[PDB]
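Coming up is one lone chain in structure tokens, specifically the form solved without ligand QQ4.
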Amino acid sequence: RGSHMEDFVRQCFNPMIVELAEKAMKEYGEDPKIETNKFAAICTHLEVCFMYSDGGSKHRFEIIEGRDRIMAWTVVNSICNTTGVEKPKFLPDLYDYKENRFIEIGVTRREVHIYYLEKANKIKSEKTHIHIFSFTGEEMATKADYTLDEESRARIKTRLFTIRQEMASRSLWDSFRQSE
């Protein structure tokens, strides 16, 4: 039972992102052939995390997302024993060596405001920095400190809106939007 959205995902994102997304879904027990909207969302989040880590200086960001659970926890252990940063309750997506904080990247189809709240009660880890992006182009970050400069965030926002368009021209957006 192969969907249009599954085939759109595979052509839309690059093969390394797709395969990491597949690994992640199967690891948590989900099927990208069936949970296709989730498939699309994991790839999007992954790509955003990668573009984010690319926006800084060379060795600025450690990438936690996209790794298998054990190795992701391993590097945060090491980050924590190297920095004395508090061990987060849940896996963050990045670590910032310049500002010395873990980052949780959010990608939402609803209001920046609502999702940001859900993400802060969900972690309660006072330490980790939160950065939300939406498919319509808005962002909110902890303490209004958006970490990267403006052109890097704008690149991410542009790609998000392109994903939205390519979906909509395939009549796939409405189903994707009401899935979250």
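Residue indices: 1-based, along the sequence shown.
Another form, the form solved in complex with ligand QQ4, is not on view; read the next lines as being about it.
**Asked** Looking at the partner-bound form in the entry with it bound, is residue 165 within 4.5 Å of ligand QQ4 by any heavy atom?
**Response** No - in the entry with it bound, heavy atoms of residue 165 and ligand QQ4 never come within 4.5 Å of each other.
**Asked** Contact between residue 112 and ligand QQ4 in the entry with it bound at 4.5 Å, heavy atoms?
**Response** No, residue 112 sits far enough from ligand QQ4 in the entry with it bound that none of its heavy atoms falls within 4.5 Å.
**Asked** Contact between residue 160 and ligand QQ4 in the entry with it bound at 4.5 Å, heavy atoms?
**Response** Because no heavy atom of residue 160 falls inside 4.5 Å of ligand QQ4 in the entry with it bound, the answer is no.
**Item:** Contact test in the entry with it bound: residue 172 vs ligand QQ4, heavy atoms, 4.5 Å
**Value:** Residue 172 lies outside the contact set for ligand QQ4.
**Message:** So, a 4.5 angstroms cut-off on heavy atom distances: do all three of 16, 53 and 65 pass it with respect to ligand QQ4 in the entry with it bound?
**Reply:** Every residue of the candidate spot has a heavy atom within 4.5 Å of ligand QQ4 in the entry with it bound.
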